[PDB]
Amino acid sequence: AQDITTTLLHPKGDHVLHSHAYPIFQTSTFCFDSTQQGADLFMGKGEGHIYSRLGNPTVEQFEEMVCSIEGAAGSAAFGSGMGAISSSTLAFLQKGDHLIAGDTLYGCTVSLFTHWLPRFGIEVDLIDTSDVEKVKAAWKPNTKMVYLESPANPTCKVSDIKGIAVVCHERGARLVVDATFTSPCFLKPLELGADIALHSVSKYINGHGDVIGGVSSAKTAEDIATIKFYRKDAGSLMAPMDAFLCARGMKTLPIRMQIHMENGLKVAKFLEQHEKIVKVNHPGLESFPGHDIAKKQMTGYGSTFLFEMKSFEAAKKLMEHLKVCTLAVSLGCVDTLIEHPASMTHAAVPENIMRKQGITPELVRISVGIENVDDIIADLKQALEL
């Protein structure tokens, strides 16, 4: 079977005007041959384009790429991971429905589920999804969806996607998984029985820290059609230039991910054995709870994770004396990023959810890039002594 590297470098589709690189269709609208041809396209008859919000060829080329790696029925690209998340949940959930979500989620995902969904009459329970029994107990007659992040941002908490997918299939709910932290090279939720797999493309998939985007991929034709129907009216679109840059970034995704993985594990083991570090939450470490689940259900690991210092002062000292690592939010870029979740990425999480997430001022989140690991380790080593 042809390798993913080869697949991403040779996507399906004809060349445009014999061009080797796929052109950037920086256009709003498309021309019709005749009234009938235009009318037919609006009814979904024949092949062609109408208007970029409905479909843009450069964006569609990127969608096909992601669809190929996910093994999906189709994919939809968005202006951001939040666009993909909004569009993969609110396209399905309506007043009177109930959502079960992980209690440790990306910051704006918490804002979405906690502030906006309940204004739309949607009941939401944030619960510890690392325990399938806790999902079963939280179930109600109107439960229509389970939403998971595994490993969770930022603590890397691992959930049993496969076992939860079984409960979802049995009980008639959709399973939506945000695989942003791991990339589709290593985590393919649709293979584990999820209905929807989504990513902040802003992170690993693009990988170059120069685009914000989102993608969502559905197991069924009907579901991706619904997501794109929601997208048409909600309006979170990937720009043609950004789609050009995301497809270009994804051409190196497999090699980048192999390096990220190996680099991140090397850094996590260095940190785990260092006298100043209390613990390291990398799902690929033997000591991490749910390592057994993450090794069985994934084929590799992302390189973003958190570790615990002895005090806030210690963390501040480390974060502020690094020469190679950059103090910034976001993750999955080619270069190494570091941040303080308590006062940056997860500062807006309500205090009750803060507690349940286990985030404290002593935690530091690092996103290991594709630099020579020895440079990242020497940078950290450098800083840790002072």
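Position 1 is the first residue in the sequence shown; the rest follow in order.
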Mean temperature factor over C-alpha atoms, higher-scoring stretch between 200-208 and 97-105:
97-105
So 13-21 or 374-382, which one's hotter by mean CA B-factor in the entry?
374-382
Looking at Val66, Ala328, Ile359, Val334, which has the biggest Cα B factor in the entry?
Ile359
Among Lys144, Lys266, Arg231, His115, which carries the highest Cα B-factor?
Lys266
Please rank the C-alpha B-factors of the chain's modelled residues and tell me whether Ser75 sits in the lowest, middle or highest third.
lowest
Place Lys188 in the lowest, middle or highest third of its chain's C-alpha B-factors, as listed in the PDB entry.
middle
Entry-reported Cα temperature factor of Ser88, expressed as the chain third it lands in:
lowest
Ordered by C-alpha B-factor within the chain, which third holds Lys251? Give me lowest, middle or highest, please.
lowest
Classify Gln36 as lowest, middle or highest third according to the C-alpha B-factor given in the PDB entry, relative to its own chain.
middle
